[PDB]
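Structure first, commentary second.
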Protein chains: 8
Amino acid sequence: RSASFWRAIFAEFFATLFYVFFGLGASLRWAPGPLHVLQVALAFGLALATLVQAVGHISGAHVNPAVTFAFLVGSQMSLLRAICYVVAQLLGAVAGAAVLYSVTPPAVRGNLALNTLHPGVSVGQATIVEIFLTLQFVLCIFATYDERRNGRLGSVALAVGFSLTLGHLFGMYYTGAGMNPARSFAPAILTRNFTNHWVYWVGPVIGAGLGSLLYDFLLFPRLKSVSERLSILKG
Amino acid sequence: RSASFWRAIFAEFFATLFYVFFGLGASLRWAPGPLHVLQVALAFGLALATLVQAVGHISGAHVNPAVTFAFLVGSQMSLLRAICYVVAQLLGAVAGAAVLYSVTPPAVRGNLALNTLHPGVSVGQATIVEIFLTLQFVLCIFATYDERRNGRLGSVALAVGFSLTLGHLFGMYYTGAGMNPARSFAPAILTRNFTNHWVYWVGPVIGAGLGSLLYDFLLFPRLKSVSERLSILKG
Amino acid sequence: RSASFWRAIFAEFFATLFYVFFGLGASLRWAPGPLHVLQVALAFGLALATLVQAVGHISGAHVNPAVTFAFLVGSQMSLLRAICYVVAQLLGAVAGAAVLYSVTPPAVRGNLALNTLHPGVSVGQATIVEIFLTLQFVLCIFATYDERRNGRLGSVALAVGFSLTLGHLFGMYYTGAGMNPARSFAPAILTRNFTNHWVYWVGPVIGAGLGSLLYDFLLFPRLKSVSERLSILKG
Amino acid sequence: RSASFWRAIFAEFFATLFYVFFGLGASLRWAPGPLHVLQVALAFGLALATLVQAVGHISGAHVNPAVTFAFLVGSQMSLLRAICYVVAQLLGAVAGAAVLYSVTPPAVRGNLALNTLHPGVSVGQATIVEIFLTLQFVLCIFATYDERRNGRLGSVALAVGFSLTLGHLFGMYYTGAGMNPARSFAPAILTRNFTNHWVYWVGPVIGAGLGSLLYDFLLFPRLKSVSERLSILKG
Amino acid sequence: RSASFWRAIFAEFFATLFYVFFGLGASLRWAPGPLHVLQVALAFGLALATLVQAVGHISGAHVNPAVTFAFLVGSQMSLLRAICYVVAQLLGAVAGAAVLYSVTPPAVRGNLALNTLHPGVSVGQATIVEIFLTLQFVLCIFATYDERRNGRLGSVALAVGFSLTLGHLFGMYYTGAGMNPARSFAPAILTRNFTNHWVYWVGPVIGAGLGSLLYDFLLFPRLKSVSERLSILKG
Amino acid sequence: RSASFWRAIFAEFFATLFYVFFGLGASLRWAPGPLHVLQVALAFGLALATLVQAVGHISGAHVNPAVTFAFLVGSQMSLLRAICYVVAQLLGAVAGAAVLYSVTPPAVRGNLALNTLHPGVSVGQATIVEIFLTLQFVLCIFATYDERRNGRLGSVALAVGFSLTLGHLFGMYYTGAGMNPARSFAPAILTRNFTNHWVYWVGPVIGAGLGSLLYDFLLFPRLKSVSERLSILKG
Amino acid sequence: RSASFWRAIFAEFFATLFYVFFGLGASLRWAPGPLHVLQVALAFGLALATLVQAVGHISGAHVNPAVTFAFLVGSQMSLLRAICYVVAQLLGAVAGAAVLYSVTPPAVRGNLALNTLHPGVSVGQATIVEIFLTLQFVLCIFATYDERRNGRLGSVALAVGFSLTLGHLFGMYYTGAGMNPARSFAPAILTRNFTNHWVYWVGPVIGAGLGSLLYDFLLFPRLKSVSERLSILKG
Amino acid sequence: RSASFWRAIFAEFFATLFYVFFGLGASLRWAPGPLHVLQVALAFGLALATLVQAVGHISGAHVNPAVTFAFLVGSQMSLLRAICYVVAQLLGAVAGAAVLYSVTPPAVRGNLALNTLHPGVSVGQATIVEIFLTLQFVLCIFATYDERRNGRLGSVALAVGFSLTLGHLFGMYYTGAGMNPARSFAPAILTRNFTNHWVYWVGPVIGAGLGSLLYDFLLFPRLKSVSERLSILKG
Ligand SMILES: CCCCCCCCCCCCCC(=O)OC[C@H](COP(=O)([O-])OCC[N+](C)(C)C)OC(=O)CCCCCCCCCCCCC
Ligand SMILES: CCCCCCCCCCCCCC(=O)OC[C@H](COP(=O)([O-])OCC[N+](C)(C)C)OC(=O)CCCCCCCCCCCCC
Ligand SMILES: CCCCCCCCCCCCCC(=O)OC[C@H](COP(=O)([O-])OCC[N+](C)(C)C)OC(=O)CCCCCCCCCCCCC
């Protein structure tokens, strides 16, 4: 019942809002020497790990327009819920990004940690990089959220927050490691700096997409009906 | 004779060209932890110290549209030589900035070390900061280039390259420490990023100006004729 | 029957049209000393109080894209009627704003009383302010339009026009007190001055929204079915 | 000697700087009811009256690119001094306008009291109005600064600050009463709002001009040589 | 059957195409003295009169996004057919306008007879004028296309082409007499001159609309069910 | 003496001002049938014929930046006087164009009779046309203003106003017949419609130029020294 | 089943991707003398011939938003499949165009073989040309894909790849021979050069459209029901 | 005498005009296979060779703002004559480019043979390339125009037209081989395509400059006074 749909939508609004707030608010590279990298990288992972322990208990804790797209291709969600989530994540983001702005001194709140391709990196490589970052990440979630799979994986939250962290350990250097359009979106709107911005929807969309592909049919397929299950779209 | 005017103009073209090249090419903050600050800061000082040991022996080694302006108000140069120098420094800069570009890998040659005001800093403070940076700097040159003054100052080049370095030790954080329009100019032209750029002419112009003022009349005045000397403009 | 839907839509077109016309046409701050504030503030309240005595008898007299949104989240209207109303209010506004323009001398019809954030106020505070203005206002309407509640409230029209007036007594200083997108919209279109304009949809949308929330579930909830009632959307 | 030229230029820089600062800083219409009009109007007059008691003792205290133009046509100044003054007034203005900005809270420092034509007023009337404002004003200065004229005029400063004040008592309603390009210039540059801005150079330029005309030849002519005196331009 | 829907759509594409072609191609005011007015005015009427004798026999011969809107409010058409017609008229227009362009020498095919508000006329009057032009015109069609009405009206085509002509006899002076968005559209697209262009959709839309109103309910109402007939929208 | 230079400059300001005012104010094609052509064409001629009877008695009555250029190449004027005239004609124009604007109802004062190339005419032909128009015109003035030539030419004013008129009888159709940049300038500035505007400086500049050429050396040369006379530039 | 819909969509993504890649990657006119024409012309034909032998075995191998539109009017597809194909071809294109970019040296990958109208050709002729190119091409596919027709046509792939080739043999000179919006689209997006770009959707859309017309009803009609078959749209 | 200055200026106007006309009008690459290269390359050389046989007999036949700059640094011309030439070459160019336009069918007169950097070439290399092209070219002219040098060089015209041709044989591939700003200028103005245009002033300016350097002092110096000769600037 709606007491579920609208909860999940809010859990997705709050879960994304905090994600941006904490993640982004740690990324304000206030610390040059000790690579912000291990810092912001685990920040984003723990942030996600907590939100999944917390929210993944109600909505799924996608907090990522890429993952929500990845479950949609995945013939797991409804295009409705799948669009409610993206608007709730985008609103979450921007909101968590507004708050961070209101709480952090100017001198720190620069560009709000806006994802920006690395200097010599160009957009195609950038886009390549964001593809692999979302793919490994979307592949990790599909595999931890996948019931049939079980035994001893421990914690989905870590099993998934470390995926996000590995994403950044690598991709903060190539693209700042957005791998979440919401997250690239939010500070693109508040700073009005939409430069090389599309790299961040395409890259993770295609990544997410050809990640739910590389799992659902390629790696760990489905043992009943594929055409029958696609009826979830119609409801 | 012109064999002097045109030398000085070239010495100013080369002396500025290298200045940008070395200075800027060190500033490419390839090193986060060990503050680029002590690095790029002494880079700019040594760069200047060498150019002054080298070129200050022929033209004066201003390599700075602010200093050339400071000597002009200073009723020391001709508005001609004073304009030849600025166009030779701007051309020097851009040229030394073109070369650096051609020699440094993309991944390193980001924005070419473009002077950009610090995040929470606004333009007026920025402008304030650039004023004090050029003032202390233009004051140090006036006082080391000032013959009547003597005894034991040691080396003008250091006596002046440390001034530039103190400028950066402070002002790389507020404004990136341009304190040389040429230097802010050159990468503004190659990257086509003229944002908050005027802060860098005003700030150092006014600094230079009210620096040749704070010395020539205020601190260490002139003991003959002030109105008579101003005849240098007419030649 | 449509003889109701289309009436309400017109009542909403006229009711909004007059609202803008009277409200806005009083706000033309022709009177500096005696704060336009008590003036335009009661103007907007009486205007609303009359339109509600008048029109609230047929459509609801929302004359405010924020209130119409607030009843929609409120699971009280149909997304259809809810969109018919907003287009009828926007058309009402602009029309009532066109007329005012045609009747008032230039020297008076300046910017048509365009909502503009106060000088030192920034957009986030502005947005904050518009949130609280629509919240208290949308909360007052929900509570006066709420049947179960009764006894001795007197007049909904006043019980609601004073809410609008309190909105302005406060918010004309922070944001000009739009708290009605229609009202900010109309003179934004005729003067082509859409500056800081979004502050006026967001601010009151979120206000209206988290106002129908703070009442419907928080303060004075519903005693039957929440998931069942949401079937009104489907008709 | 330059000890005079450069003094006057500074006296004109400071005298204009304060003028903008005080004038403009009073005009921040912090007081609606009691017409800012008598307030800002005498502010600008006293400001001028003081600057003339003060500076008119050294440079002339034009603090107005219109008056400096008016003395130039007036075949009283050199095109050099006449251009030094305008750049010193424009720099004065902007500087006095920067300071005001740094000292006054946002909530007060709105548009910095930017001259803006009145609503129904159009640009030609506006331009007409600024013409008459500078004409009466430039006529009053010519007549108080005019030696041959004497007897009992009392104080030039008042004899001239009341002229400025009468200018505003009238023209703050039509154009905000710039009648000083410097003064319209300065907040046009800091707020980057050059709307209907030219109205403020033309209007007062033509006013000043056909004001030094209406006096020098029309009303109170010259009794020696007109063609001979014009040799002042050549020095 | 579609053999009707798609015919009408083509009849509307051709019928509009010729309308623009002939109408517009006569309006190329190649004749100053003999007012183009009687000329282009009857051109547009005959053009319409012929297209209605011709096409009004199959689709209705609206050849006017305003009339098609007028029948839609009129609860006579389907929103589908009503949108098919407008896209077929817009395509008709542009096509008939392309052809005219390809057949008429440059020296003649100026702006393609683009509707442009008259000089001193402003947009609101313009919009007023286009309202009355479409109203009288949409009122004439409703009344000639209205079966219950009969007896001796003679020819609908004239009974309707004279309406168009009276529209122009009047409105070519105020607005060029578009009274057909298609017709204002087509040369707005080929000449890329969309100036005061909206005046031509609004004006005739509102005219058409409050014209099908002034007839359907006001003047010559309906004697069965109004709410029941509105079921045509659903098919 | 200046009592001559400054007179001529004013005579050129007024003489141009009226020219635009009368000429342009007749050209407001209030009369379609009776070609505005004979009308505006003689208007411009008489206007010129009067201004030359009137002003050509003091300054030369060029009232045309093209003719003033034509006398300059003509080694007849000083580059100073030649620039004073153009700024006085441009100011004259705009002023005479402002006045016309203030005196003529909107409905008449459309685009202020802005010169605009004819529809099928392109810019090169246009430019060609304006060349021949200024050439025949500049040739007629050179030949009527040329003393050595005499006998029985009657009236220079007609001998020159008919030249202007023949210019228009022809060129109002190709280019509106500017053949006076001042005249194309003035309504280009007030209406802010600088379209195909350069056609009007080039075309008449080159015309004027290669017109003072086709006369001074080609047709009716000079019988003393050509290199010696060019000393007029130096004074 | 979807195992068909989604295959076809991919076959259309890959089939278009290669088409652009091979076609476009041959068209990089690396060879001036030997007309690129026979080269790129057969390249595009073989490319298509192979993709049809290959993919036309599963989806139809439209690889052309024009052909997919042509089958849609053709009442052969569903508007859904018809839109899935165009987004899959556009994505195919851009992707095949991205790859080509990543594999071909700069010096070769100029504008990516962007369709651009020929110099003296204008847009209407261009549009005319693209119409005939898509018409003959869409007519050839309709006739080879048309079962009832049979006997001895040999190979559809050639029977269709030669059609594409004849298209280019002709139209590379007039328009570069896009005749495939996907193909004009892809390098318009990567080079950001959308000049005269619409010529390439219109031209081939209208061509395709009035090509499925010239066959389905005109030349080789249908012998059962036309209105009944149109039920495919509803599924 | 001027009978020389003004001749040379015209000879430079015509000599440049034809140069553009013939050169450019041959370059209209109407012939793909037989490299336009040998064609346009000798076209530009012969064009120059003829203009030098023809005009180099009066003005020098620079027909190149780069060469005129090269003689200026060369302390051979006056900054006056040196600026007269550039404006006469730019006017020559554009004029010869206008004519070509008026004589050549559209289908041929594409972009007017606009210099455009080669695809993979970037601007710095481009600029590098244009430097070497003007250097070898400016070096060849200095050495053929250099009297002291003699004996048996044959024809300066060839001795110089082959230099231009070698310039193109090489540089039409890298930059289209402008090596004449006039020549890049002229079609940049008529086609309004100023893309990568500065590459063509810088590149050849610096080339010309450091070419008159590499000869005058480096390779074949001067045996009298260098400071004394520079007095030519003062006349
Ligand atoms: C299905 C996908 C599976 C994923 C697996 C594929 C991953 C590999 C993709 C790598 C991206 C290639 C782009 C690149 O690293 O270099 C492109 C090229 C660089 O020059 P060059 O190496 O060709 O030769 C010059 C050699 N020399 C420097 C020694 C002289 O040109 C330039 O402008 C510089 C780069 C500008 C961006 C171009 C992006 C191309 C789009 C990627 C293709 C993906 C298709 C969707
Ligand atoms: C769920 C919501 C419940 C509603 C209850 C919350 C109401 C409170 C919200 C207040 C808005 C905060 C914005 C503000 O008043 O000041 C932001 C900050 C000012 O500097 P500072 O105070 O941080 O420190 C400098 C201190 N010193 C001046 C002494 C040196 O930066 C600036 O640029 C100036 C302001 C520019 C606009 C920034 C808006 C932030 C977005 C609001 C957050 C709402 C999330 C949707
Ligand atoms: C239902 C369709 C069936 C297809 C069969 C029709 C195929 C024929 C269409 C031909 C296109 C006509 C455009 C054209 O070749 O020349 C247009 C015109 C050229 O001047 P002129 O020949 O009229 O007279 C000047 C004569 N003199 C040069 C000797 C002085 O004007 C200009 O600006 C130059 C051309 C600029 C583009 C204009 C395109 C017009 C739109 C085409 C119509 C299609 C309707 C959808």
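All residue names refer to the structure tokens as shown: chains lettered A, B, ... in order, residues numbered from 1 in each chain, ligands numbered from 1 in order.
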Exercise. Find the residues around residue 89 in chain A up to 7 Å (only C-alpha atoms counted), leave out those fewer than 5 positions away in its own chain, and share them as a list in words.
Key: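 Within the cut-off, the hits are residues 12, 13, 16, 63, 64, 65 and 182 of chain A.
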Would you export the selected residues with N, CA and C atoms as a PDB file, in the first residue's frame, please?
ATOM      1  N   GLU A  12      13.958   7.348   0.387  1.00  0.00           N
ATOM      2  CA  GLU A  12      14.872   7.642  -0.720  1.00  0.00           C
ATOM      3  C   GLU A  12      15.266   9.140  -0.771  1.00  0.00           C
ATOM      4  N   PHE A  13      14.346  10.013  -0.357  1.00  0.00           N
ATOM      5  CA  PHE A  13      14.595  11.454  -0.282  1.00  0.00           C
ATOM      6  C   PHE A  13      15.555  11.680   0.882  1.00  0.00           C
ATOM      7  N   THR A  16      19.012   9.866   0.337  1.00  0.00           N
ATOM      8  CA  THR A  16      19.849  10.516  -0.648  1.00  0.00           C
ATOM      9  C   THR A  16      20.345  11.825  -0.074  1.00  0.00           C
ATOM     10  N   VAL A  63      19.555   5.764  -3.598  1.00  0.00           N
ATOM     11  CA  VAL A  63      20.172   7.097  -3.482  1.00  0.00           C
ATOM     12  C   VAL A  63      21.073   7.358  -4.663  1.00  0.00           C
ATOM     13  N   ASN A  64      20.664   6.853  -5.823  1.00  0.00           N
ATOM     14  CA  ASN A  64      21.480   6.961  -6.999  1.00  0.00           C
ATOM     15  C   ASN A  64      20.624   6.708  -8.227  1.00  0.00           C
ATOM     16  N   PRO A  65      20.364   7.753  -9.015  1.00  0.00           N
ATOM     17  CA  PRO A  65      19.555   7.638 -10.244  1.00  0.00           C
ATOM     18  C   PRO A  65      20.102   6.521 -11.186  1.00  0.00           C
ATOM     19  N   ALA A 182      22.707  11.994  -9.093  1.00  0.00           N
ATOM     20  CA  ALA A 182      22.148  12.840  -8.061  1.00  0.00           C
ATOM     21  C   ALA A 182      23.296  13.658  -7.509  1.00  0.00           C
TER      22      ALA A 182
END
Determine, for each residue of chain E having at least one atom at most 10 Å from an atom of chain F, the closest pair of atoms and their separation in Å to one decimal, counting only C-alpha atoms; order by chain and ascending number, as a Markdown table.
| residue | atom | partner | partner_atom | distance |
| --- | --- | --- | --- | --- |
| E:31 | CA | F:33 | CA | 8.2 |
| E:32 | CA | F:32 | CA | 5.0 |
| E:33 | CA | F:33 | CA | 2.7 |
| E:34 | CA | F:33 | CA | 6.2 |
| E:35 | CA | F:33 | CA | 7.2 |
| E:36 | CA | F:32 | CA | 9.6 |
| E:105 | CA | F:120 | CA | 7.5 |
| E:106 | CA | F:120 | CA | 4.1 |
| E:107 | CA | F:120 | CA | 3.7 |
| E:108 | CA | F:120 | CA | 6.9 |
| E:109 | CA | F:119 | CA | 7.1 |
| E:110 | CA | F:119 | CA | 4.7 |
| E:111 | CA | F:119 | CA | 7.5 |
| E:112 | CA | F:119 | CA | 9.9 |
| E:118 | CA | F:107 | CA | 7.3 |
| E:119 | CA | F:110 | CA | 4.7 |
| E:120 | CA | F:107 | CA | 3.7 |
| E:121 | CA | F:107 | CA | 6.5 |
| E:122 | CA | F:106 | CA | 9.6 |
| E:174 | CA | F:107 | CA | 9.7 |
Quiz item: Given a cut-off of 7 Å, what residues near ligand 3 show up using only C-alpha atoms and all ligand atoms, put as a list in words?
Solution: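 Result of the 7 Å neighbour search around ligand 3: residues 95, 96, 98, 99, 101, 102, 103, 104, 105 and 106 of chain E; 122, 123, 124, 125 and 128 of chain G.
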Non-local contacts of range 132-143 of chain G (6 Å; only C-alpha atoms; under 4 positions in same chain excluded) as an mmCIF file with C-alpha atoms, in the first residue's frame:
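Heads up, here's the output in around_29.cif:
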data_model
loop_
_atom_site.group_PDB
_atom_site.id
_atom_site.type_symbol
_atom_site.label_atom_id
_atom_site.label_comp_id
_atom_site.auth_asym_id
_atom_site.auth_seq_id
_atom_site.Cartn_x
_atom_site.Cartn_y
_atom_site.Cartn_z
ATOM 1 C CA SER G 163 19.572 1.901 -53.362
ATOM 2 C CA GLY G 167 21.392 7.788 -53.011
ATOM 3 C CA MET G 179 19.344 10.454 -46.068
ATOM 4 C CA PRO G 204 14.360 12.428 -45.080
ATOM 5 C CA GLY G 207 10.934 11.606 -48.182
ATOM 6 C CA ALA G 208 10.409 8.389 -46.202
ATOM 7 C CA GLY G 211 7.628 7.235 -50.082
#
Quiz item: Leaving out residue 18 in chain E and any residue of its chain fewer than 4 positions from it, which residues lie within 9 Å of it when counting only C-alpha atoms, given as a list in words?
Solution: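 Residues near the query, excluding close chain neighbours: residues 13, 14, 22, 23, 47, 51, 92, 93, 95, 96 and 97 of chain E.
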Using the selection just defined, write its residues with C-alpha atoms as a PDB file, in the first residue's frame.
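Result written to out.pdb:
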ATOM      1  CA  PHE E  13      -2.952  20.119 -44.931  1.00  0.00           C
ATOM      2  CA  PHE E  14      -3.736  20.993 -48.536  1.00  0.00           C
ATOM      3  CA  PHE E  22      -2.801  32.202 -52.191  1.00  0.00           C
ATOM      4  CA  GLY E  23      -3.597  34.482 -49.291  1.00  0.00           C
ATOM      5  CA  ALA E  47      -9.061  31.958 -50.681  1.00  0.00           C
ATOM      6  CA  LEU E  51     -11.215  26.265 -49.646  1.00  0.00           C
ATOM      7  CA  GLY E  92       0.206  23.097 -44.466  1.00  0.00           C
ATOM      8  CA  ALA E  93       1.058  26.705 -43.824  1.00  0.00           C
ATOM      9  CA  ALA E  95       4.550  24.152 -46.888  1.00  0.00           C
ATOM     10  CA  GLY E  96       2.321  26.582 -48.745  1.00  0.00           C
ATOM     11  CA  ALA E  97       4.714  29.249 -47.511  1.00  0.00           C
TER      12      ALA E  97
END
Exercise. Write out as an NGL selection string which residues come within 6 Å of range 4-11 of chain H when counting only C-alpha atoms, dropping same-chain ones fewer than 3 positions away.
Key: :H and (1 or 14-15 or 58-59 or 85)
Practice problem: Could you give me, as an NGL selection string, the residues within 9 Å of residue 202 in chain A, counting only C-alpha atoms and dropping anything in the same chain fewer than 3 positions from it? | Solution: :A and (127 or 130-131 or 181 or 198-199 or 205-207)
Practice problem: Just the residues within 12 Å of residue 72 in chain H, please, counting only C-alpha atoms, with nothing from its chain fewer than 3 positions along; format it as a list in words. | Solution: residues 62, 65, 66, 67, 68, 69, 75, 76, 77, 78, 79, 80, 81, 82, 83, 84, 85, 86, 142, 205, 208, 209, 211, 212, 213, 216, 230, 232 and 233 of chain H
Could you save those same residues with C-alpha atoms as a PDB file, in the first residue's frame?
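Output contents, as saved in selection.pdb:
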ATOM      1  CA  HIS H  62      53.801  43.686 -49.993  1.00  0.00           C
ATOM      2  CA  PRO H  65      50.119  42.840 -43.559  1.00  0.00           C
ATOM      3  CA  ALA H  66      52.902  40.427 -42.409  1.00  0.00           C
ATOM      4  CA  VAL H  67      55.488  41.703 -44.919  1.00  0.00           C
ATOM      5  CA  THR H  68      54.539  45.285 -44.289  1.00  0.00           C
ATOM      6  CA  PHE H  69      55.098  44.549 -40.597  1.00  0.00           C
ATOM      7  CA  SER H  75      63.389  49.886 -39.694  1.00  0.00           C
ATOM      8  CA  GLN H  76      62.802  50.378 -43.423  1.00  0.00           C
ATOM      9  CA  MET H  77      59.373  52.067 -43.430  1.00  0.00           C
ATOM     10  CA  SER H  78      57.513  54.730 -41.422  1.00  0.00           C
ATOM     11  CA  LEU H  79      54.836  53.596 -39.016  1.00  0.00           C
ATOM     12  CA  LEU H  80      52.543  55.789 -41.081  1.00  0.00           C
ATOM     13  CA  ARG H  81      53.239  54.233 -44.471  1.00  0.00           C
ATOM     14  CA  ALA H  82      53.322  50.933 -42.585  1.00  0.00           C
ATOM     15  CA  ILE H  83      49.762  51.464 -41.396  1.00  0.00           C
ATOM     16  CA  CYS H  84      48.520  52.960 -44.629  1.00  0.00           C
ATOM     17  CA  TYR H  85      49.660  49.754 -46.368  1.00  0.00           C
ATOM     18  CA  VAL H  86      47.906  47.380 -43.986  1.00  0.00           C
ATOM     19  CA  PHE H 142      64.280  40.693 -47.512  1.00  0.00           C
ATOM     20  CA  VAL H 205      53.123  38.499 -37.665  1.00  0.00           C
ATOM     21  CA  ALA H 208      57.429  38.122 -40.468  1.00  0.00           C
ATOM     22  CA  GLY H 209      58.874  39.809 -37.397  1.00  0.00           C
ATOM     23  CA  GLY H 211      62.156  36.864 -40.034  1.00  0.00           C
ATOM     24  CA  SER H 212      63.217  40.473 -40.538  1.00  0.00           C
ATOM     25  CA  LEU H 213      65.212  39.743 -37.352  1.00  0.00           C
ATOM     26  CA  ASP H 216      68.713  42.230 -40.625  1.00  0.00           C
ATOM     27  CA  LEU H 230      65.920  54.032 -36.716  1.00  0.00           C
ATOM     28  CA  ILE H 232      63.208  56.862 -40.211  1.00  0.00           C
ATOM     29  CA  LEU H 233      60.303  56.318 -37.802  1.00  0.00           C
TER      30      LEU H 233
END
Exercise. Please run DSSP on the backbone and report, as a count of residues only, all residues within range 82-229 of chain D that come out as helix (DSSP H, G or I).
Key: 99
